[PDB]
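Observations on chain architecture
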Amino acid sequence: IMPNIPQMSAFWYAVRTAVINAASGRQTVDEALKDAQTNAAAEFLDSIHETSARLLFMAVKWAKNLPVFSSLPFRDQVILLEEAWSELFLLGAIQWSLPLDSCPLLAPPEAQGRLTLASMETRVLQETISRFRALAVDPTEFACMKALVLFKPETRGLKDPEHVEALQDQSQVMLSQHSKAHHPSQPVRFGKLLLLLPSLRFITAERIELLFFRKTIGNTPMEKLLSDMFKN
Amino acid sequence: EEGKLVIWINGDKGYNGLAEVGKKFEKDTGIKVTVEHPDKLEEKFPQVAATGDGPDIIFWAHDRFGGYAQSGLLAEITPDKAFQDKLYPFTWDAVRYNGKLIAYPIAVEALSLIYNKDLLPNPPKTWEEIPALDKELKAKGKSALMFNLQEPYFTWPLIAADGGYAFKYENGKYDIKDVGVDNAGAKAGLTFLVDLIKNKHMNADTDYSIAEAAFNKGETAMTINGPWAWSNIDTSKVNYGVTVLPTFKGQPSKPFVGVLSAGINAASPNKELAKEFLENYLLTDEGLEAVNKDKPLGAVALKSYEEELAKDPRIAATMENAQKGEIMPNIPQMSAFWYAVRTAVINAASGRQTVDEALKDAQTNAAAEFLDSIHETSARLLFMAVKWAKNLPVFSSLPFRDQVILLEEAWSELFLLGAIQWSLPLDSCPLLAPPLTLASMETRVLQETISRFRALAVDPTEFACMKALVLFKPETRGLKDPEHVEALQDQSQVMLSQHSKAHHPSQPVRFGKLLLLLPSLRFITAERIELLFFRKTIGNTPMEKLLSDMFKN
């Protein structure tokens, strides 16, 4: 029988990530149930995590508030958001936990109630955040990088890619203009910022869905958010 | 399984005409004969047989029978000298291996000269007289010659004509080291080929489909094709004919001979049954005829029945052309060769380079032992990566462990850059699959990223810098002197823009663009990349293996 309780979600939400990660290779049989054990039990902070939809929703709100975005073909808008949700989410998350010193998912020192992220995940997630913290990555620099990640011309299906190219190039000028103005001392800082972009892909979008988002029937978190924005 | 025999033969063959021969056998021996035509036949066999299962006898091109014999997958057949004489002596040299017969030849095939009797009642005997021949026909709104120039298989006959050859066939076997693609008579035939297009007598863009239609309608006088294209011209009905390929500097054209042979499974308990079936039933006028009926086999390796099909001039031609050709080497080193000539031919033809340079390049590629499979070639891409990294003076000056850590942590990106650069010029090297799945959606992305590097016109100095940007990651965990790494990355960055604004002063954002390619190097995980372009490892990394290999050598 299913316990009629609110704190029982983490049940499968831990096992799922466990059975999938085990049946993948980046985690052996035993190296999986332990995490699920300290995860399932770790109910404390799992509701608010799945409620990291406000972050993604904040990524769409930001984009939709950009006039240059809202001047693209409708489909182009949908396409760019669908293809970049993962990285817009990460950039959001990285900026969220930037001023922090702890988290709702610690892992290696000496993790009660909190989501015990996998090995390579935490290792990379923690590390990538540090790089951003080690730089003075300020609010506008984040806005620029969001833009750089959104306005990808190569993206297939774009009805007006030449224009998406124009906007991305304009974002470089924004980021470079800002970067060099606030840090004349750091000569190669513009690049260093762009060299942070690949880390947004270290962990695939599928895994981002499986780790920080609630179930979504066949559709990506971004699709679900756009769909339920039009049912209205 | 032990008192009956199971056969495997492809669907484009008289597989129903074979069961008519197998049923009579079952009627006179009580030995059940089941004929099967599985899809991945040529690829399934090396699986079921590799261990202990599959058919007793397998039909297929002789070429493939080389890999099998090497893997002890094929039994040594043992025909009497009295039987060996019933088949053309040259056919045996197609099913040989280490001096041991490993299959029974049954049907020969080779490119012939097909022409239109209505338009051209007398085909040229030589190539030299083809140019001035196109002029005459061009007036009456037609064309002289049209054949698929895309595949090296179709253009080799001419290139080989004056001395060209794949691998030297000395004492019973081949010599992978000796390759005759950049010979005297090699540049001779290729040059001539490039001229035909260089004078608008042909098109460097003519493929198979185009040539078939061009001829089958009457828009061309001649073409170069096989016995498979024959019945496809009977759907339409241009009065055609099949004759010997034109000669070059007096020397005949040397097409590739493909022999449909039948080898016996090495793990078959019916080696004598299979043998009896192939010698006293199949390889006989009556035996072969039953299969020819279902679907023609063109010229057959069996004299008796061949001289009965010689009546057909079309077939007579095929056997005639085949005899003047060279047997296709069964060695696995034929993949390297196919790729080299492929590149060389499409190149000189497209003007992407001269004739001599295309052959000089195809020369090494064929003798290259790292072009035989996607794995071997990828292993090479990665080794050049490390070799590259070690050649950087600033690199050797780094804490040994730092060098190891750097290479292991960025092997995927370092390989991808290497593969991408390597495949910028050419249009196909280590990914194409179709003649929906995951390995198909990734291919799309991986070909998409190559387009991006092409559109941006990334030169070697930019690839060198980008590789450095990918190698010198100062955030990598474990590094002993991370500050030095930061400096090197920073330098590479400066050198990269300095070079970018220098070779493209008009594009003020080029630098940014080049760094915006780096993420694509991570779109496909290192794990996947490994399961795609690389071989066996088990809880290891191609770099980790490569480095460990250099440690224990």
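Residues numbered from 1 in each chain as written, not as in the entry; some residues may be left out. Chains lettered and ligands numbered in written order. Heavy atoms only, no water.

As a reminder of what qualifies: UniProt positions are given in the numbering used here, feature names are shortened, and annotations may be inferred rather than shown by experiment.
Listed as the entry title in the PDB record is "The crystal structure of the orphan nuclear receptor PNR ligand binding domain fused with MBP". Regarding chain B, the UniProt comment filed under Sequence similarities (unreviewed entry) reads as follows: "Belongs to the nuclear hormone receptor family. NR2 subfamily." According to the UniProt record, the Subcellular location (unreviewed entry) comment for chain B is "Nucleus".

Entered under Sequence similarities (unreviewed entry) in the UniProt record, the comment concerning chain A runs "Belongs to the nuclear hormone receptor family. NR2 subfamily." Turning to chain A, the UniProt annotation filed under Subcellular location (unreviewed entry) states: "Nucleus".

1. With respect to the packing of helix α7 (residues 152–161) of chain B against helix α8 (residues 184–198) of chain B
Helices that pack against each other are described as a pair by the angle of their axes relative to one another and the distance between those axes. All names here are of chain B. To be explicit about the condition: Every axis in this analysis is a line fitted to C-alpha atoms, fitted for helices over the stretch in contact. Angles between the N-to-C directions lie between 0 and 180 degrees. Helix and strand labels come from DSSP, where a helix needs a run of H or I of at least four residues and a strand needs a run of E of at least two; each type is numbered from the N terminus. Comment on the angle field: the value is read as roughly parallel under 35 degrees, roughly antiparallel over 145, roughly perpendicular from 65 to 115, and oblique elsewhere. Left-handed is the label given to a crossing in which the near helix is rotated counterclockwise from the far helix by less than a right angle, and right-handed is the label when the rotation is clockwise. Contacts are assigned to residue pairs that have any heavy atoms within 4.5 Å of one another. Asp, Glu, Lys and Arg are counted as charged, while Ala, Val, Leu, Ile, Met, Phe, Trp, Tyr, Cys and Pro are counted as nonpolar; the rest, among them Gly, fall into the polar class.
In contact at an axis separation of 6 Å, α7 and α8 are set at 125 degrees when each is read in the N-to-C sense. Of the possible angle classes, the one that applies to α7 and α8 is oblique. Regarding α7 and α8, the two cross each other, and that crossing is right-handed. On α8, the residues that touch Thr155, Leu158 and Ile159 of α7 are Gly185, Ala186, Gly189, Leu190, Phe192 and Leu193. Looking at the contact of α7 with α8 residue by residue, the classes come out as six nonpolar, three polar and no charged.

2. Here's the deal with the pattern of salt bridges
Convention followed: Should a side-chain nitrogen of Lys or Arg be within 4 Å of a carboxyl oxygen of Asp or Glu, the pair is scored as a salt bridge. We call a residue buried when its accessible area falls under 20% of the maximum for its residue type, exposed when it is over 50%, and partly exposed in between, using a 1.4 Å probe and counting protein chains only.
A full pass over the atoms with the stated rule returns 32 salt bridges over all chains. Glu141 of chain A serves as the salt-bridge partner of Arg189 of chain A, at 2.6 Å between the closest nitrogen and oxygen. With a gap of 48 residues between them, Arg189 of chain A in helix α10 (residues 189–194) and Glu141 of chain A in helix α8 (residues 139–150) connect regions that are remote in the sequence. The residues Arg189 of chain A and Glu141 of chain A share a single accessibility class, namely buried. Ionic pairing is found between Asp134 of chain B and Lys138 of chain B, a salt bridge with its closest N-O pair at 2.8 Å. Here the residue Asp134 of chain B and the residue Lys138 of chain B both occupy positions in helix α6 (residues 131–139), the gap between them amounting to four residues, near one helical turn. The network of salt bridges with shared partners includes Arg26, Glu121 and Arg207 of chain A.

3. Observations concerning the pairing of strand β7 (residues 112–116) of chain B
All names here are of chain B. This is how it is decided: Paired strands are those between which DSSP finds at least two bridges.
For β7, the buried fraction is high: five of the five residues fall into the buried class. Burial along β7 is two-sided: the face carrying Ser112, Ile114 and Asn116 and the face carrying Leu113 and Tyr115 are both buried. Looking at chain direction, β7 and strand β11 (residues 222–225) are connected through four bridges and run antiparallel. Bridge pairing links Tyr115 to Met222 in β11. When β7 meets strand β12 (residues 240–243), the two strands line up antiparallel, connected through four bridges. In the sheet register, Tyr115 faces β12, and the bridge partner there is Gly241.

4. So, the domain arrangement of chain B
All names here are of chain B. The criterion, for reference: Boundaries of every domain are those given by an automatic assignment or by a domain database. Once two parts are brought into contact, the accessible area they lose, counted with a 1.4 Å probe and summed over both, makes up the buried area.
Domain boundaries in chain B define domain 1 (110–256 + 330–349) and domain 2 (350–552). The gap between the C-alpha centroids of domain 1 and domain 2 is 38 Å. At the junction of the two partners, domain 1 supplies 26 residues and domain 2 supplies 23 residues. Buried area between domain 1 and domain 2, summed over both chains or domains, comes out near 2,000 Å², and the portion from carbon and sulfur atoms is 59%. Sorting the residues of domain 1 by area buried against domain 2 places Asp182, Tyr339 and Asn347 first, and these three jointly supply 29% of that buried surface. Counting every contact that joins domain 1 to domain 2 gives three salt bridges.

5. A closer look at the interface of chain B and chain A
Note the cut-off: A 3.5 Å cut-off defines polar contacts: any pair of N or O atoms within that distance qualifies, except that in protein one atom must be a possible hydrogen donor and the other a possible acceptor, and neighbouring residues in sequence count only when both atoms are side-chain atoms.
At the junction of the two partners, chain B supplies 23 residues and chain A supplies 21 residues. For the chain B and chain A pair, buried surface summed over both sides reaches about 2,100 Å², with 62% attributable to carbon and sulfur atoms. Our count for the contact surface shared by chain B and chain A stands at seven salt bridges. For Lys513 of chain B, the salt bridge identified is with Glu165 of chain A, shortest N-O distance 3.6 Å. For the pair chain B and chain A, the interface holds five residue pairs in polar contact. Listed by contribution, the elements that provide at least two residues to the side of chain B that touches chain A are α20 (438–455), α22 (482–503), α23 (510–515) and α24 (520–523) of chain B. The element contributing the most residues to the side of chain B that touches chain A is α22 of chain B, with five residues. The class makeup of the residues in the side of chain B that touches chain A is eight nonpolar, five polar and 10 charged.

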